[PDB]
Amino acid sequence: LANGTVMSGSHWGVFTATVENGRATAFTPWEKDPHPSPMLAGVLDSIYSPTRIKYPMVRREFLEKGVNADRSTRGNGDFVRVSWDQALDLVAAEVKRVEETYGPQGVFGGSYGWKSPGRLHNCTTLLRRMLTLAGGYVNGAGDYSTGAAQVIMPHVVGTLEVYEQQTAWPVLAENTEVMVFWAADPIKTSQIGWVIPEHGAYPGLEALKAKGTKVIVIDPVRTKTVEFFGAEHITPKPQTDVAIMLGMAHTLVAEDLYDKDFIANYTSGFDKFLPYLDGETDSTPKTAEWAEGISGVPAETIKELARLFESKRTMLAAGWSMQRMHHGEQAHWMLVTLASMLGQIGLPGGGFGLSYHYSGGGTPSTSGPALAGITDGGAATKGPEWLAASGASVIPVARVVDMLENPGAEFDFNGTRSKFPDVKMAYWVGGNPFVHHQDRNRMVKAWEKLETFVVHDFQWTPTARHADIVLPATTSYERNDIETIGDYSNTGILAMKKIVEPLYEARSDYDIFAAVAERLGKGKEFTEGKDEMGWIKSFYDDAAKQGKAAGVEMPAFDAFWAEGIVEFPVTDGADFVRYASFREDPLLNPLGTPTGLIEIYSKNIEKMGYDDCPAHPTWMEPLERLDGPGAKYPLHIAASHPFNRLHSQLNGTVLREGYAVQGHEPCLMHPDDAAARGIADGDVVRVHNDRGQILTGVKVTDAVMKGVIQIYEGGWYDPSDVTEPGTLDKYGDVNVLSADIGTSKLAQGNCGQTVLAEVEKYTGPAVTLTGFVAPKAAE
């Protein structure tokens, strides 16, 4: 049995594993990581925990009755263990049956999810590679993170903006005087990366503090970002940020402070927005006092902030929770409108940035080459012959339950109309929709429309528990791969070396899909005649050739593999100022909008005629909001990202012991809200509204503002009885309480943070948690 050390990486960073007798026993952070995540110990434990999936399983009802199975019992744990050969034969026959019977519109292959990094073992791209060979599939578009912002930005500034490099951290340290974290908690959300993280935000944040820059945080919760800086903390009622921004803009106009020259030369449509702001159009001037009545933030604080931003070099760093809500498109559109009025866009240290809290945005980029990986093949095909009727081949990701309930119905998206396809099977890998999607009770019933549901994962999540066919995948630590370090920085390239042998009967997603492609008669087309190391070497060799051209020297493949990593040099990346060339000469360097300027009023959006997405930033009432007129429930739930998980990942590990309260997901509650209900620290409470009910464990703190409770997304849904409609969730999946609606007709984004509920001390019968041990038949 092996003894020794091996270096690899993950969504949480680079590390060295210690192996003793063939088992990994410690993960130690990379010596060059400036700020390792405390979640690394849970990553190691996820390889071996009680919920690791050991064998291929088929739901007993599905095995016995196929398409005639009773579909309401999915999730009760009644599984049968089968051999790999039987399982692969069944999956392959079901994929082919559905493709022949219903066409490519019958298979949903969107499979949204965070999976693991790795250019070769990219389970979702491998899924689409196989489905392409099978005849086609319906895909998803956009994502759950910036579903609204990524669609409105191209109409305002011309590009996506949210996933683009920010003005560099060192430029901010030398030039910014006031830094604003608006609906952003960079300390919390910078621990992970899509590719391997370099944790570049931490040194950037430390340099701002050492310089004594004034930091302001606008967030209903007193986060570690607030605590690290001793920041001035503004706490708006959730979903009222647009009203605050309008009251700031109104103040800048009334006191005649705003930058008229910036507005005149770099923007379009401000004259059509002004009348709205002043109340000429609706008899309601959007003053600081009007904003105070909606948001609860004192009118004079709103005014002082507006003056301060106008007089100092200010960076408006905004996060994404405020656009993960009804009418989310207005939040960042109004933010950019406010930034335009301040006139600092394109100056070193000023303007705005939408990715300082995500994957190291602002960390200086190197001059290295880009690494490429396996593809789904669609780019070199001639896929399905598609046409309306059968419906759209792509849907906005968060409309997956609407699609299932309304096959053939039309939906709007960014100015076009499309039809939902009639899906009969879904194949999910690397994602956990029975945790990540909204309105769980609705989704549970809608899922009965699917004949067949196949899932691959290495943990028994609620999604795998609901499958008809469950196949055990390996982790990244049981295979070899290659990946970039740094989504924006491109710090280097890492060899993700195998640490231990595959556990139990687990197989990589690549091997499972290759075996399904082989039964479809298309094995060589899937594999390309290459094995694991052959694929990895060809990605490396391609990057090395690109590197050569550009003057970046890289070692041959085997020398790179022996070292385990290659790092690239930073040339001018540390001086990058976003929008500087636009500011310097807007005629030579225009934005990619219809006018070539920042569009405060959009004629294009005006033509779409959407009632829920007007042609300029607008305050509109959401479905439900804290203290809204006629609101039924009293507390807003901040259903934000978990500090000690990556969404649902790591919930079934030893780290859960450090935050669970009586075994359940924690609920943070203000002392006065607790006292009014007779709730004490540590009590189990029932959190409920008209869509669902869950149990959580309370931690009483004044870190959350009064009227707000914090229950993070990601908890593993553990239903008392899958056949009972609206059954109680014993663990605390906050998406049992959210509503499943689009942000607007423009983007159709999810509204996972538009949530109100009531809380009461739980006094019902004691409950047994069953989500963190495998189903009995899977032991």
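Numbers follow the displayed sequence, beginning with 1.
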{"item": "Selected stretch [higher average CA B-factor]: 663-671 or 602-610", "value": "602-610"}
{"item": "Higher-scoring stretch by recorded Cα B factor average, 143-151 or 262-270", "value": "262-270"}
{"item": "Of the residues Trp333, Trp460, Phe582, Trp447, the one carrying the largest Cα B-factor as recorded", "value": "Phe582"}
{"item": "Of the residues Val397, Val162, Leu635, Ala372, the one carrying the largest Cα B-factor as recorded", "value": "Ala372"}
{"item": "Third of the chain, ranked by Cα B-factor, where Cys123 sits", "value": "lowest"}
{"item": "Position of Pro725 among the chain's modelled residues by C-alpha B-factor, lowest, middle or highest third", "value": "highest"}
{"item": "Cα B factor band for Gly752 (lowest, middle or highest third within the chain)", "value": "lowest"}
{"item": "Within-chain third of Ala183 by Cα B-factor, per the entry", "value": "lowest"}
{"item": "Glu563 by Cα B-factor - lowest, middle or highest third of the modelled chain", "value": "highest"}
